[PDB]
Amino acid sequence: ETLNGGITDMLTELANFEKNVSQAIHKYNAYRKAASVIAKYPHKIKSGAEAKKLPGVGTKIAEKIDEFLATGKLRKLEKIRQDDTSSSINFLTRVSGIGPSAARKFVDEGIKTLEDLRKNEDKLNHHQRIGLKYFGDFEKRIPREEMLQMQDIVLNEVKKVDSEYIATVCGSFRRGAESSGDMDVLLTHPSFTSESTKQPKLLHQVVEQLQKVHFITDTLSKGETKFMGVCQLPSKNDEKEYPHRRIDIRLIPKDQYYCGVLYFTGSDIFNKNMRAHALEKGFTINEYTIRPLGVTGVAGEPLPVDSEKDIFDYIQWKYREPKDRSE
C-alpha cells in the first residue's frame, strides 16, 4: 500500500514488542514516534542515513532500516515471531483489558489461546470478560456511514435527557477518517464547570438513557466523568447484526471544552508530540487546561483559552485542523 509501509510496519511491530513483551513504555513510544515521522515523510526512503535526518529516528533505527532495505526483513523481528512466549503474550494483549502484565501471567499459567481464555472466564476480571466476549467484533473497524448513524442516536438520546447537553463525536471521526476503531463522545452540561458541579449523575443519566434504548449493551468501567463500554446499532428484520463496538464517553467541564476536544480529537501520537512541545516551551497541557511551568517544575494557573487555536498559539504552533492531526 503505502510509501514507506514496509519500514513503518517493521517499526510498529517493534513498538508492540517493546510495550507488550519487554514492558518498556519509552521504547514503545520511541518506535511509534519514528513510525509516525517516517509515515508522513513524502519520499521513498533510500537509506537509513536518509531516515536519520528525521526527528525521532536515531542510529539504531537507521541501522534497522538499512537491514530492511537490503534484505526485506529484520532478523530481530524474525526471531521475535518464532519466540513462543513473545507471540502468546502479544496475542493475549489483543483482548481489551489484558495488558502486558496480565498476558505474561496468563501465559505463565498455561493460558495462551482464545480457546484457553474461553474455558477460563473465571480467571478474568469484568473488563477482560467483555473483551473476550467481543474479541472478533472489537477488531473490526467502523465505516463512517455507521459512525454517522451512531452519532445520530447518541445526539438525539442525549437531547432527550436534557436539551442543554452538548455531545461531540471526537477521535478519528472528528479528524474526518473514512473508518474508526471506536466511538468517542465528549459531553458537556452547563451544571458541570471547573468551579461547580450543581447537578449529580450527569454522566450516569446519559449512560442509562443509552442503555434504555439498547444502544449501550455492556459497561467496561464507569465513574463520574468517564464511561468505557460497548454499543451496537439496531439491525433490521432478517439482517445479520452489526458488530458490537467500543464506546468512550468523557464528561468535561463546560468551560474547559477546548482543551477537552483537543485531547479527545487526538491522534494519540499528535497529543504526545504536542504535549512534549508544550513542555519544551514551558507549558503543560492536559484535557482541562494549559498551564505555565514555574522554575521548579510546578504548574501555574490556567491560561485563558477561547478556542483550540488559542492552545496552539501559546506553544507557537500554527493551527492544525483536526484532519491534519492524523497518523
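The term rigid core refers to the maximal set of C-alpha atoms that superpose within 1.5 Å between the two forms. Just count from 1 along the sequence shown to find any residue number.
Core superposition of the other structures onto this form places the C-alphas of 70 to 78 farther off in 8 other deposited structures of this protein than those of the other stretch among 70 to 78 and 221 to 229. In 8 other deposited structures of this protein, superposed by the rigid core, the C-alpha atoms of 160 to 168 lie farther from the shown form than the other of 125 to 133 and 160 to 168. When the other compared entries with both flanking residues are checked, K198 is unmodelled in at least a third. The mean C-alpha temperature factor is higher for 84 to 92 when 247 to 255 and 84 to 92 are set side by side. Look at the C-alpha B-factors of 155 to 163 and of 117 to 125. On average they run higher in 117 to 125.
When the C-alpha B-factors of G181, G131, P100, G72 are ranked from the entry, the top spot goes to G72. Per the PDB record, residue ranking by Cα B-factor puts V230 in the lowest third of the chain. Among the modelled residues of its chain, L11 has a C-alpha B-factor that falls in the lowest third, as given in the PDB entry. Sort the chain's modelled residues by C-alpha temperature factor and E146 lands in the lowest third, per the entry. Annotation for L202: CA B-factor lies in the middle third of the chain's modelled residues. In this PDB entry, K76 carries a Cα temperature factor that places it within the highest third of its chain's modelled residues.
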